[PDB]
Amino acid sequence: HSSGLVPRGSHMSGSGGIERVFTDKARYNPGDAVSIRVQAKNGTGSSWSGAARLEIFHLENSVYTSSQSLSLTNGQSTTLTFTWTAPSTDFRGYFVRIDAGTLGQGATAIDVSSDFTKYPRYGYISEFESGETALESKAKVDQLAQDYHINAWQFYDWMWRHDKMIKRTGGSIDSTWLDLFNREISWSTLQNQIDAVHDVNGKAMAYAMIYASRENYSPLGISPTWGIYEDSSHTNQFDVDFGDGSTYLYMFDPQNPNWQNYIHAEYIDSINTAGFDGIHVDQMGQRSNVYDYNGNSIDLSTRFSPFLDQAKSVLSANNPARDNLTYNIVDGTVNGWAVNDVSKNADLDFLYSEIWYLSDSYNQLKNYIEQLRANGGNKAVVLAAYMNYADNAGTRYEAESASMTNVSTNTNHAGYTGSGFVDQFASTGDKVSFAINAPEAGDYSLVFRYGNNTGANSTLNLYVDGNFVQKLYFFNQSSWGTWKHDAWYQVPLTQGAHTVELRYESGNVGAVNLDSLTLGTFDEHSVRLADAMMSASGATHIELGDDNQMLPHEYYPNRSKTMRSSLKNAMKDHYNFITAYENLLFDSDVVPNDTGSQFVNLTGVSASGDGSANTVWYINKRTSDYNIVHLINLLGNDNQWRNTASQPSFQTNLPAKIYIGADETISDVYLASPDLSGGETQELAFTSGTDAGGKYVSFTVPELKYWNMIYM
């Protein structure tokens, strides 16, 4: 008479329970009513009844509890609401737990901050099509707000021209306009999205350049005498070629007051006419040997601050509620080009930096973040750091292992993957058809690795499951030995088997060598590690946008990679975590040097304090009220933040000893991890004592997967 190998009975587990827990807004003001929503589904196999219980925590302390009764027929769904009040102390993050017994558990987080610039959670919107309904604009904003607490959206490439941002014809705003790449921007869709951002208490930041006009700028009243030039005789203006012999950006002197007045009036028109909350100012990065119009040599690195101070000033005078400003410090690294002058001297509301290849290790990037924090007077730091940027990551299907019609295989150009590649793919009736599997329903990035040295674009017709989808362009390279994978199409797929086919048909031109097809996928391991390092170091990461897309590239509409459900779920936990614990992560400072011996020790694993490969990395920080120790699991992995990674070597029962100030006493030891129990703070059994090193505490860390934050 005992329980068996499995439970015996009429009830199921696994499916349903608490599906989602979220709030209507991304951010709240003190005193606000907060609607906490719980979407519940009874998949138990019979009726269910009981209490749904809410508990809210500020760090280690339970600050609110509440309960309501619930009953559901089998298969029934409902949405419950709990109403709370944002407590009076401004700038505080909270953890929210929902427990519904046998129906399961859920969690979310709440940010009470009257001004988003202290704890920005930056997302983006990069498409503005007339096909998008008001409900769909709203749905996509609501999803980012609910699932990640995004409180600011960078609206990318919304403008008509860099120097004329809203298109008017005869004083009337055009209902649609074509951007520099001939995308259709809808004025209705744009405003619907901006309103939807406002409805979740978010801010809409308008992308703009600091110093860019488009081609043919003179008729707009812009003078070439405000330009910056590659020589002292103003022969060649700095510019950007977009590769069609017509479309260009021309570059100007940010310090020139007349350029300032011109482009700032565009910034103000964008705020007032579109409803934006501020301007997200971009640049192209380091340019050496710069001259103004009159041939004087100028250091461009120090000319942004005056522009930005002036910009802030005209924004605040125009509308002090909607005057937010940031600027991209391009190519971020310690003492990098323009880093010190911008972060120290620009009147920015928070700092933003796009990281290229000057901060490749975790520790290098941590030092850059810390320099920005120190220079900027503890202003918030947001990084654009495009994950897996160079990796053709995802499930791979080799072209030569696929179904081939009127083509051949070969091995004569080195650098192919697998046994070779497809060639003689150059004439009508030629086909390659890949038999792929989608493990779950959703969007898939179809990424083709190819060669092409025919001297012009080659094209192939893409087909999915027998249906034509689009003509794809495969760009001309300098040699046939040059393999690229910048030809891609993102497509929705049902779970299961599909066919993906490239066909050379009437109207297709050129030829390609076809190496493979990859299902472009962000790698969960690297992404979770990088986000852990960034936020343990005191920064946040712009990576999510549009309809639950993740950012693969500097051109925000790029969809050459997609998140799979497992990564989406880890990002919900991560973004819950950086919201609920925002005070410990972004109010804290690094603990100085540890003269003599290091304050943190671990048993049974290699440990580093500088983000060394194949170690558990410890980071010790403090606020006035707390001592904090982050553990980031680099076991099994290198010290580089951007590239793909293996799953960390998960640890269990990791003994830890932390030294504390000898004039200090520890009542409790707390651990919180996005990886564990959805971020809920855990109270750990511990012992204290005194050693040669001083006063310490000692405890076993039950689990370390990616990132644990210990505090006391």
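Don't overthink the numbering: it's just position in the shown sequence, from 1.
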* Report the stretch with the higher mean CA temperature factor, choosing between 322 to 330 and 280 to 288 on the basis of the entry. => 280 to 288
* Mean temperature factor over C-alpha atoms, higher-scoring stretch between 699 to 707 and 8 to 16 -> 8 to 16
* Asked: Quick one: which of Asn569, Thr540, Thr189, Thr454 has the biggest Cα B-factor according to the entry?
  -> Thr454
* Structure fact -> Max C-alpha B-factor within the set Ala33, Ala40, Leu684, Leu676 falls on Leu684
* Determine, from the deposited record, the chain-internal third of the Cα B-factor for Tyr64: lowest, middle or highest. => middle
* Using the B-factor values recorded in the entry, state whether the Cα atom of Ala26 falls in the lowest, middle or highest third among the modelled residues of its chain. => lowest
* Asked: What third of the chain, by the recorded C-alpha B-factor, contains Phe599?
  -> highest
* Lowest, middle or highest third: where is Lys431 by C-alpha B factor in its chain? -> highest
* For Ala607, the third of its chain into which the C-alpha B factor falls -> highest
